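A.B. asks: Sequence order for the protein chains is F, Y, U, X, L, V, P and R.
Read in order, the letters of the first sequence correspond to residues -6 to 53, 73 to 195 in the deposited numbering.
Read in order, the letters of the second sequence correspond to residues -6 to 53, 73 to 195 in the deposited numbering.
Read in order, the letters of the third sequence correspond to residues -6 to 53, 73 to 195 in the deposited numbering.
Read in order, the letters of the fourth sequence correspond to residues -6 to 53, 73 to 195 in the deposited numbering.
Read in order, the letters of the fifth sequence correspond to residues -6 to 53, 73 to 195 in the deposited numbering.
Read in order, the letters of the sixth sequence correspond to residues -6 to 53, 73 to 195 in the deposited numbering.
Read in order, the letters of the seventh sequence correspond to residues -6 to 53, 73 to 195 in the deposited numbering.
Read in order, the letters of the eighth sequence correspond to residues -6 to 53, 73 to 195 in the deposited numbering.
Think of the CB as a built atom: it goes at the ideal place given N, C-alpha and C, for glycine as much as any other residue.
8 protein chains.
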Amino acid sequence: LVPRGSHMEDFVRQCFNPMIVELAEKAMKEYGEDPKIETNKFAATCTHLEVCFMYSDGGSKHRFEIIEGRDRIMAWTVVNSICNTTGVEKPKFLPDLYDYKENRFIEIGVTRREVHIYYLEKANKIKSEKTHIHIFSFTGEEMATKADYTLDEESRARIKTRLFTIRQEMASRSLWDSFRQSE
Amino acid sequence: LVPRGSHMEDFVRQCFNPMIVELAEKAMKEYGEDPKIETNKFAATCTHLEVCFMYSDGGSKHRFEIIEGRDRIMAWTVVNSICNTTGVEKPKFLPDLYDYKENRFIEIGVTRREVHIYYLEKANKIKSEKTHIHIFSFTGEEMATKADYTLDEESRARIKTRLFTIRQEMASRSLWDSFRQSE
Amino acid sequence: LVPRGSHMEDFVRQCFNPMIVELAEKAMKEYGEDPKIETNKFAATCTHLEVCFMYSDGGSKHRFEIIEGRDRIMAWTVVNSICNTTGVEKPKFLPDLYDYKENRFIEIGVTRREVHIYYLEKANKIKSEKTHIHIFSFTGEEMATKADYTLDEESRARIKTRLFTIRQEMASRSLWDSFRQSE
Amino acid sequence: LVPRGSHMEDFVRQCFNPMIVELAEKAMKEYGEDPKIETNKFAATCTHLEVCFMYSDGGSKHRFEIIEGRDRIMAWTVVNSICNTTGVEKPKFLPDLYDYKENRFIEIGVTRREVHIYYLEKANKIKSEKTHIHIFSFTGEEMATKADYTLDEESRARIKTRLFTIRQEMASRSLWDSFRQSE
Amino acid sequence: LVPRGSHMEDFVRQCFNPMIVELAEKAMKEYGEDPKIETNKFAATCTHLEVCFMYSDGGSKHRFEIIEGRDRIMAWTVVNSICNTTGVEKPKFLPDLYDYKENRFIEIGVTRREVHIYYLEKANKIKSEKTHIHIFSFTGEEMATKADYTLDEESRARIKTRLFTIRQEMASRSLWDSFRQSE
Amino acid sequence: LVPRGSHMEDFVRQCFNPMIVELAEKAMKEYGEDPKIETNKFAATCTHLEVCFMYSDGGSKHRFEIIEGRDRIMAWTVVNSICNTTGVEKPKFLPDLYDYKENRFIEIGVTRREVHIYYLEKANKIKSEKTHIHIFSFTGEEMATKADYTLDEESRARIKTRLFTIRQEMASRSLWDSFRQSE
Amino acid sequence: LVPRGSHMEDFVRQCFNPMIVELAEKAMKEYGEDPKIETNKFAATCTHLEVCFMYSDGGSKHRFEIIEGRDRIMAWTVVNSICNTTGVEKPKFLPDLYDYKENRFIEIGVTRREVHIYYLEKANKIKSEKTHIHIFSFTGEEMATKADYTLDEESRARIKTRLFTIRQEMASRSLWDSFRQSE
Amino acid sequence: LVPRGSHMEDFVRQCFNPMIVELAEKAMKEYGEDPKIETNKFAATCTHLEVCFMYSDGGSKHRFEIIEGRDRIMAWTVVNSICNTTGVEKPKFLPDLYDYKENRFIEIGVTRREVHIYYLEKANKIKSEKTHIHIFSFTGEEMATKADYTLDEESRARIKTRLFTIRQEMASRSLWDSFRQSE
Ligand SMILES: [Mn+2]
Ligand SMILES: [Mn+2]
Ligand SMILES: [Mn+2]
Ligand SMILES: [Mn+2]
Ligand SMILES: [Mn+2]
Ligand SMILES: [Mn+2]
Ligand SMILES: [Mn+2]
Ligand SMILES: [Mn+2]
Ligand SMILES: [Mn+2]
Ligand SMILES: [Mn+2]
Ligand SMILES: [Mn+2]
Ligand SMILES: [Mn+2]
Ligand SMILES: [Mn+2]
Ligand SMILES: [Mn+2]
Ligand SMILES: [Mn+2]
Ligand SMILES: [Mn+2]
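(1) Listing by chain order, which chain P residues have their CB less than 8 Å from the CB of residue 79 of chain U?
(2) Ligand 3 and residue 108 of chain Y: does the residue's C-beta get closer than 7 Å to at least one heavy atom of that ligand?
(3) Between the Cα of residue 115 of chain V and those of V/89, V/84, V/76 and V/121, spot the shortest distance and give me the residue it belongs to.
(4) Suppose only complete runs of 3+ residues qualify. What are the beta strand (DSSP E) ranges in the stretch 117 to 155 of chain F, listed by chain order?
(5) Indicate, with yes or no, if ligand 9 has a heavy atom lying under 7 Å from the CB of residue 80 of chain L.
(6) Which residue comes first and which comes last in the alpha helix (DSSP H) that contains residue 161 of chain Y?
(7) Assign residue 16 of chain P to one of three DSSP states: helix, strand, or coil.
(8) Ignore the nearest five residues each way along the sequence and tell me which others in residue 16 of chain P's own chain have a CB closer than 7 Å to its CB.
(9) Have a look at residue -2 of chain V and residue 10 of chain R and give me their C-alpha separation to the nearest angstrom.
(10) Should residue 28 of chain L be labelled buried (16 or more other beta-carbon atoms within 10 Å of its own) or exposed?
(11) Identify, in the order they occur along the chain, each residue of the same chain with its Cβ nearer than 8 Å to the Cβ of residue 49 of chain U, setting aside the five sequence neighbours on each side.
(12) Cutting at 7 Å between CB atoms, please list the residues of its own chain near residue 14 of chain Y, excluding the five before and the five after it.
(13) Considering only their Cβ atoms, is the gap separating residue 172 of chain Y from residue 97 of chain F smaller than 8 Å?
(14) Judging by CA-CA distance, which residue of U/22, U/23, U/46 and U/3 is the nearest neighbour of residue 167 of chain U?
(15) Can you check which of these residues, R/140, R/165 and R/101, is closest to residue 152 of chain R by C-alpha distance?
(16) Pull up the DSSP beta-bridge partners for residue 78 of chain U, would you.
(17) For residue 107 of chain V, which option in V/154, V/158, V/184 and V/88 has the closest C-alpha, if you only look at C-alpha atoms?
(18) Comparing C-alpha positions only, which one of X/101, X/85, X/181 and X/-5 sits nearest to residue -4 of chain P?
(19) With C-beta atoms as the reference, is residue 155 of chain L less than 8 Å away from residue 122 of chain L?
(20) Within 10 angstroms of its Cβ, does residue 102 of chain Y collect 16 or more other Cβ (buried), or is it exposed?
(21) List, in order along the chain, the chain U residues whose C-beta lies closer than 7 Å to that of residue 22 of chain F?
(22) Thinking C-alpha only, which one of V/129, V/147, V/36 and V/142 is nearest residue 187 of chain V?
(23) For the alpha helix (DSSP H) that residue 2 of chain U lies in, which residues bound it at each end?
(24) Does residue 192 of chain R come out as helix, strand or coil in the three-state DSSP assignment?
(25) Among V/195, V/169, V/-6 and V/191, which one has its Cα closest to the Cα of residue 95 of chain Y?
(26) Roughly how many angstroms lie between the CA atoms of residue 92 of chain L and residue 158 of chain R, to the nearest whole one?
(27) Determine, using beta carbons only, whether residue 100 of chain L comes closer than 8 Å to chain U.
(28) Go ahead and pull the three-state DSSP assignment for residue -5 of chain F.
(29) Within 8 Å (strictly less), CB to CB, does residue 85 of chain P reach chain X?
(30) Mind checking if residue 189 of chain L is an interface residue toward chain V, Cβ cutoff 8 Å exclusive?
(31) Considering only the beta carbon of each residue, do residue 135 of chain R and residue 145 of chain R sit closer than 8 Å?
(32) Give the secondary structure of residue 25 of chain L by DSSP, where H, G and I count as helix, E and B as strand, and everything else as coil.
(33) At which residues does the alpha helix (DSSP H) containing residue 50 of chain P begin and terminate?
(34) Should residue 3 of chain L be labelled buried (16 or more other beta-carbon atoms within 10 Å of its own) or exposed?
(35) With a 10 Å radius around its C-beta and 16 neighbouring C-beta atoms as the bar for buried, classify residue 129 of chain F as buried or exposed.
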C-alpha cells in the first residue's frame, strides 16, 4: 500500500524547508492521511503551510495569531481564547489566522483553478460572516473579501512569486499536470 | 513534606518555556517557597512572569527596563539607578517594569477574580503615586491607571488570549478550580 | 474523543527527552493511535524507545543498527539490506536492533509483570530462531536467550535503574497502578 | 596551470565573509572559471556579491528579491515567476535584484573606472527599459537611472565606505594596481 | 543582610564554569543558604561540585551514576532505584556517586585540613559499610577506603592539580586564609 | 609585577559581557597596558566600550559606523574610507563613531567628575570642528555639542542607568573610591 | 542543456547528508561535470563519497588521512606531505585514503557489477604497488588486496548495508536500472 | 611602523584555525610583539601552537595538561600546582605540556634546520633534567630524549604531514625562503 518513495515526495522534501514538511506530516497524519501515498495532497499541505507563514510574516510584530500548523485540539483552544477575549463570533470551521489589527479570522486558500471558483467554494462553506477569506492561485491572481487584502502589495507579491516558482519546479519534473488534476 | 511530583508541577513544566520556569524557581526559592509544594503559587509566578515579558515585548526597542525576573538585590540596584538618573520618586515596593517613554514604574498583576477588586487591592498598597498599575484577568479584562494602557490594543490582546489558553489547559486537567481558589 | 491534556501525557512530556516523545508520537500515529487518548500506551512506547537507545549505546561504535524509531517502511528497508548482505534469515516481525558483533537481530521488551511471562509471550510469536530476545522489567530483572545478555553488567544495570526511576515517578503522581494494569 | 595559492586568493579569503566566497566560487565555477587562477575576477565577484547583499539589506523587510547568488537556472526560475505575476517585461540578461516597491529589476555594477563609463557600458547592453541600473565605484561615486537611487543616503553611504576599505587593503598588499588594470 | 556582591562571590563566578555555579546555587538555596552571604560555603560547594564531575569523568562511559548535583528529592529517587535493582544496602546519607563497576556508593570529600582528619570525620557518620569514601585535600593528598582509589593515577592527579590551582588563586586575592578557617 | 588576580579584575569579568572584556584586553594590550595591573583603566575601557555599543544600538539599522573596538590600524582604514567618500574633514584623533544620518564623527567620553569639566577637556584636544562630542557621567548627566544629543531620550536614559548600576556594584565591593580617584 | 531538476537529483538530495552532496558538487564541478545533467554520475560521487567517510570512521582516532573530498590541488599537497615524511612511493593517481597504521595508500571503489571485474579494472590502472585497493558492491560483496580488509567485519558490514539500502531506494523510484547501466 | 596587512599575515589567517591565531596573537602581544610586523614569528607561534595541540590530542583522555596557550601567569600557576602535587622538580623555563602518564614536563620545538641542532640548543637551556624534549622539523624528522617518543607512530606521523603541508603552502606563495631564514 504505502511505498518506499515517490517522485512527488522527494520533490516536496527538496522544495520546502524541513519545518514545513515536518508540520504537514503531523497534520496529514492527524487526519488519517499518509504523505507517502497521498503525495499530491502532501504537496498541497506544504504549499498551504508555507503561504500561511509568509502571510503572518507580512504583518506587524504582534499582528497575527497563527491557527494553522497546530494540533487540531490546540488550534481550537486558541480560537476559544480569541473569541472569549475579543467577543468575536466563534467560527464553524478552523480558520488559518486571526488578525488582531482588524479583529477578524482569516481563511487562506491556494488553488490551481480560477481564484473566482475557489473563493465561491470557500465562501459557501464558512457562513461565519466575520471570517475573512484570502485566495491565492499558482498563476499570480489573488482574491479577498471586500477586496480588503489585509497586507500590502509587496508582501502579497512575493507569495505569488513563490507559488509560480513551485509551479515551474513541479513542471520541470513533469509533476504539475498530475498536481493540477488533483484539485 | 516535599514530594517527587504533582499534577500542577508537571503541567507548569509543559506549559511555560524553560526560561520562565527556571526564573520562577529561583524567584520562589529566593523567598522561602518550594515550587514542588506551593504548586499553585508556582503556576501564578510563571503566569505573572510570562505576562511581564510579553508586556515589555510590546514596546519599542529601548522602551522598558525589566525589573521582574531579577535577583531581589539586583532589582533594587536597577531601581536605584533609574531613580537617581531620572529623578523619579523611589517606590516603596519592587515594581515590575520601568517605562522610559512615559517615565514611570509599572506594576503588573494577574488575577482570577474581578480586575476591579485586584486593582483596588494593589492600589491601596503602593502609595507611590508615580507607579503605574496594569491589571489583567484570566477572563480577558484589563484595567490601568488613568485608563492609560501604555501599549496598543494588539499587544494587550495577545496577552489576554494567552491567559485564557492557560485557563482552558488548567481546566482540561481539572486543575483550574483549585487554582482559582488559591487567590 | 481526544482531549486537551491528561495527567499521563504531561508526565510523559516531563520525563523523557523531547527526541523520544517526538518519535513515539510519529510511531503511534503511524499505527492509528493517538498519544492524547492512549496515554498509557504513550508511556510504554517512550519507555520502550528509551530502552532501545540506551541498549545500542552500551555497545561499541559500529556494533548495532537501530531498527526501532524508524518509519515502518524504512525499517523494513534496513532489515532487507542487513539480510541481503549478511545472509541472515529475514525475520517475520520487525526487530528492534541488529547486532553486527554477534550477527543476530534483537527484540527488546519492557514488562510490568514477570520477565518469565513476557519472554515466553515474545518467544511464541517470533519463531525466527536467529532473533535474540532481551526482556527487562520495572523491578530490575532481565532475561535473555541462552542467557546471552549481549552487553556487560554496567550497561544493563543503568537501564534497570532508569526503569525503576520511571516506576517511582509514575507512582508519586498515582499513575502507576493504571499503567501496570494496562499490560 | 592551477596553483596551490596566490596572494590575491588569500586576501580574498581574509576580506569577505565565508558565505560570500563560497558563493563566488560556485558562481565562477558555474561559468568555467577557477578562482585559484582568475584571482582578480575572484575578488571582483566577491566585491560584486557583497554589494548586492548590502543593497537588499537597505530596503524594507520584503522589499527585494535577490537574483544574484543563485544557481543560474534557479535565477531564471525566479525571474520567470516575477515576470509572470507582476507582468513586468522579461529581461534579456540576468539582473541582480527585483524591487517589489518600485516594480523593476535592478542591475548592480562595481567599477574601478569612472561610473560615467561603466554605466554607459551597462546601459548599451540591457535594452530592457524597465531594468534599473545602479553603479558604484571604488572612489565613492554612484550613478543611477533617472537619478533614482532607490535606497536612502545612509544605506548607499556605507556601501561606498566598504568599497574604499577594500581598495585600501588591496593597496596595502600591493595588489590594487593589478586589480584596477583587470577591468 | 544579603549584599550586592563580595570578593569571594566574584572570584567564584570567574573560577568555576557557569554550569557548576548554577548548580551550587540551586543546591545551597535548597538548604536555606544564600551564596551571596555564605560566600565561603559557596566556594566549597562549587569546589566539591567540580571534583565530583571530574571523578565521574575518569571512569568508563557507563561506569558511574551521579547523585550529587540533583534536586534532593530526585537524588533519593535514583538511590532508591539503584538499591532496588542491585540489592545494595540503602545508605543513611545521600552519597555523591554510585560505581556500577564495583557496585558501591561513593562519598567524596574536599578538605582544607589533613585528609586523615576529614576521613575519620566522614567515616564516623556514614556507618553504611558498603559506601566507599574518597577524600581529597587542597595540598595534593588523597585517602580512600581499603586504599581502593577506584580511578587510576592520572585521573586522580589532575583533580589534585585543579585543587591546588584553586588554592593559589584564592591566595593571590588574599581570600585563602578566610577559606581555610571556615572548615 | 603582574599578579594572578585582583578584586577589580574579577569584578570586571563578572560585570561586562565576555565580548566587551575580550575587546578591552586586545585594545589595552595594543597600547602597552596590562589589564591585570592597570585594573582601574581596565574597568574604564570596558565601561567606555559598552557605552559606545549601546549608543550605536540606539540609532537606525545603518545609522552608525563603529570605530571603537577595532584594531588601531583598521580603525584608521575605516576613517579614511569615510572621509574619502563623504568628503568630511579627516580628524586628528581616532573618534568612536561616525553618524551617517548627520554626517559627523562622534567622540564619546565617560567621566567620574563633572561632565562640564571632561567636555572642556575633550573639546580642547579635538579641534576638528566637524567631530561631535557626547559626554556621560556616572551620576546621570550628559553633555553634547550644540546640545545636539543625536539619540532620543530613552536610548540615552538606559545608558545613564547602566552607568549608575556600575557605580553601585563598584561601591558594594568598596572599589568605587579608588576608581573615581583614578580619573 | 542543463534543466531545473531531475528525479535522480531530487533523490540524491534526500538520500545523502548535505555535507556529502555539497562536496560531490564541488568535486564534479572541479572536473567539468554538472550534477544537474550528469545525474547518475552525481549519485555515484555521493555514494563513493559516503563510503570513504564511513571507512575512515571505522579506524582509530588518528588512523587515516582523508584524501578524497579535497580540492584536487590540496589533495596532491597532502599526498606530497605523506610521501615526503613516510618515504612511501608517490602514487601515479590520487588515492582516497592513507593508512598510518599500515603505511599504505588506499583506493576505494564502488561497483554495480562483480567486485571481481572492477578490482581487476582498478588494479591494471594503479601500478603503484604500495597502494591498497578495497572494492565494494551494491550486492554486499567486498574485495581487498592480499585479502587484507584493513577494517574489522562490523565496520565493513554497515557499509554493505548502506549500499544495499541505496540500491533499494533507487529501485523503489524506478531509478536503479538506469544507474546500473551507467557503470 | 605597523602596516595594514602582509602576505604572510594573510596566509597565516587562511592556514590555521581561528582559535590558533587568536591565541598566538594574545601570546605574542603578551611579550611585546606585533603579529602585523613580526609576520614570520607570527607563523612560527601558530605552527608551534598547532603542534602542541595535536600532541596532547594523541594521548589518552586525561593524559596531558596543556601549559602552552595560557596566559603566562596562569601557566606558572598550573606548573606550581603540578609540582606541588606530584613532587616533580619545578622547571626553570615554562614547558609546553605535562605528561601525567610518565610524570614529566615536555618541551616541544619546531625547527627549519636539522633536528640535531635545535635539540642541542634546547637541551643546553633547560637543565631541569626531568623535562622531556621532543623536536619536530619541517622535513619529517623527529628527536626525543632517551628516544622516548611518548606518543605512538601514527600520532607523530600526522604531525609531520601537517608540517610539510605548511612548508609547501608557504613555498607556493614564495614565503618559505624568508621563513626558513628567520630561524
Ligand atoms: Mn486551515
Ligand atoms: Mn486555509
Ligand atoms: Mn513583581
Ligand atoms: Mn506584579
Ligand atoms: Mn520494535
Ligand atoms: Mn521491542
Ligand atoms: Mn548579476
Ligand atoms: Mn551586476
Ligand atoms: Mn554530596
Ligand atoms: Mn561529598
Ligand atoms: Mn575611542
Ligand atoms: Mn571615546
Ligand atoms: Mn578518489
Ligand atoms: Mn576511489
Ligand atoms: Mn612553550
Ligand atoms: Mn615549545
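C.D. replies: In terms of the structure at hand:
(1) Against the third sequence, residue 79 of chain U aligns to sequence position 67. Chain P residues near residue 79 of chain U: none, gap ~11 Å exceeds 8 Å.
(2) As a position in the second sequence, residue 108 of chain Y is number 96, starting the count at 1. Checking the Cβ of residue 108 of chain Y against ligand 3 gives yes.
(3) For the purposes of this step, residue 115 of chain V is taken as residue 103 along the sixth sequence, with counting starting at 1. The shortest Cα separation from residue 115 of chain V among V/89, V/84, V/76 and V/121 belongs to V/76.
(4) 143 to 149
(5) Residue mapping note: residue 80 of chain L aligns to position 68 of the fifth sequence, counting from 1. Residue 80 of chain L Cβ: within cutoff of ligand 9.
(6) Residue numbering aside, residue 161 of chain Y sits at position 149 when the second sequence is read from its first letter. First-last for residue 161 of chain Y: undefined, no H or E at that position.
(7) Start at 1 with the first residue of the seventh sequence, and residue 16 of chain P comes out as number 23. Three-state DSSP puts residue 16 of chain P in a helix.
(8) Translated into the one-based positions of the seventh sequence, residue 16 of chain P becomes position 23. So the list reads 42 and 81, once near-sequence residues are dropped.
(9) On the sixth sequence, position 5 is the one that residue -2 of chain V refers to. On the eighth sequence, position 17 is the one that residue 10 of chain R refers to. Between residue -2 of chain V and residue 10 of chain R, the C-alpha separation is close to 30 Å.
(10) Against the fifth sequence, residue 28 of chain L aligns to sequence position 35. With 16 or more other Cβ atoms within 10 Å, it is buried.
(11) Position 56 of the third sequence holds residue 49 of chain U. Counting only Cβ-Cβ distances below 8 Å, and skipping sequence neighbours, we find 75, 76, 78 and 109.
(12) Here residue 14 of chain Y refers to the residue found at position 21 when the second sequence is read from its first residue. These residues qualify, in order along the chain: 5, 6 and 39.
(13) Position 85 of the first sequence, counting from 1, holds the residue named residue 97 of chain F. Position 160 of the second sequence, counting from 1, holds the residue named residue 172 of chain Y. Yes.
(14) Within the third sequence, the letter at position 155 stands for residue 167 of chain U. Among U/22, U/23, U/46 and U/3, the Cα nearest to that of residue 167 of chain U belongs to U/46.
(15) Counting from 1 along the eighth sequence, the entry for residue 152 of chain R is found at position 140. That would be R/165, whose Cα lies nearest to the Cα of residue 152 of chain R.
(16) Translated into positions along the third sequence, residue 78 of chain U becomes position 66. DSSP output for residue 78 of chain U lists U/109 as bridge partner(s).
(17) Here residue 107 of chain V is taken as the residue at index 95 of the sixth sequence, counted from 1. Checking every option, the nearest Cα to that of residue 107 of chain V belongs to V/88.
(18) Locating residue -4 of chain P in the seventh sequence gives position 3, counting from the first residue. Comparing Cα-Cα distances from residue -4 of chain P to each of X/101, X/85, X/181 and X/-5, the minimum goes to X/85.
(19) Along the fifth sequence, one-based indexing puts residue 155 of chain L at 143. Along the fifth sequence, one-based indexing puts residue 122 of chain L at 110. Their beta carbons are not under 8 Å apart, which means residue 155 of chain L does not touch residue 122 of chain L by this criterion.
(20) Sequence index remark: in the second sequence, residue 102 of chain Y carries index 90 (1-based). With fewer than 16 other Cβ atoms within 10 Å, it is exposed.
(21) Locating residue 22 of chain F in the first sequence gives position 29, counting from the first residue. The answer, in chain order, is 22.
(22) Your numbering for residue 187 of chain V matches position 175 in the sixth sequence. Of V/129, V/147, V/36 and V/142, the residue nearest in Cα terms is V/36.
(23) As a working note, residue 2 of chain U is residue 9 in the third sequence. Unbroken alpha helix (DSSP H) run through residue 2 of chain U: 0 to 8.
(24) The residue given as residue 192 of chain R occupies position 180 in the eighth sequence. Residue state, collapsed to three classes: helix.
(25) Your numbering for residue 95 of chain Y matches position 83 in the second sequence. With distances taken between Cα atoms, residue 95 of chain Y lies closest to V/169.
(26) Along the fifth sequence, read from residue 1 onward, the residue named residue 92 of chain L stands at position 80. Along the eighth sequence, read from residue 1 onward, the residue named residue 158 of chain R stands at position 146. In a straight line, the C-alpha of residue 92 of chain L is about 54 Å away from that of residue 158 of chain R.
(27) Taking the first residue of the fifth sequence as 1, we reach residue 100 of chain L at position 88. No, residue 100 of chain L lies away from the interface with chain U (no Cβ there is under 8 Å from its Cβ).
(28) Residue numbering aside, residue -5 of chain F sits at position 2 when the first sequence is read from its first letter. Residue -5 of chain F: coil per DSSP, three-state reduction.
(29) Position 73 of the seventh sequence holds residue 85 of chain P. Yes, contact with chain X.
(30) In the fifth sequence, counting from the first residue as 1, residue 189 of chain L sits at position 177. Chain V, which has no Cβ nearer than 8 Å to the Cβ of residue 189 of chain L, makes this no.
(31) Residue numbering aside, residue 135 of chain R sits at position 123 when the eighth sequence is read from its first letter. Residue numbering aside, residue 145 of chain R sits at position 133 when the eighth sequence is read from its first letter. Contact flag set, yes.
(32) Against the fifth sequence, residue 25 of chain L aligns to sequence position 32. If DSSP states are grouped into helix, strand and coil, residue 25 of chain L belongs with coil.
(33) Residue 50 of chain P sits at position 57 when you count from the first residue of the seventh sequence. Looking at the DSSP string, the run of the alpha helix (DSSP H) that includes residue 50 of chain P is 32 to 51.
(34) Sequence index remark: in the fifth sequence, residue 3 of chain L carries index 10 (1-based). Answer is buried; the Cβ neighbour count reaches 16.
(35) For this step, residue 129 of chain F is matched to residue 117 along the first sequence. Exposed is the call here.
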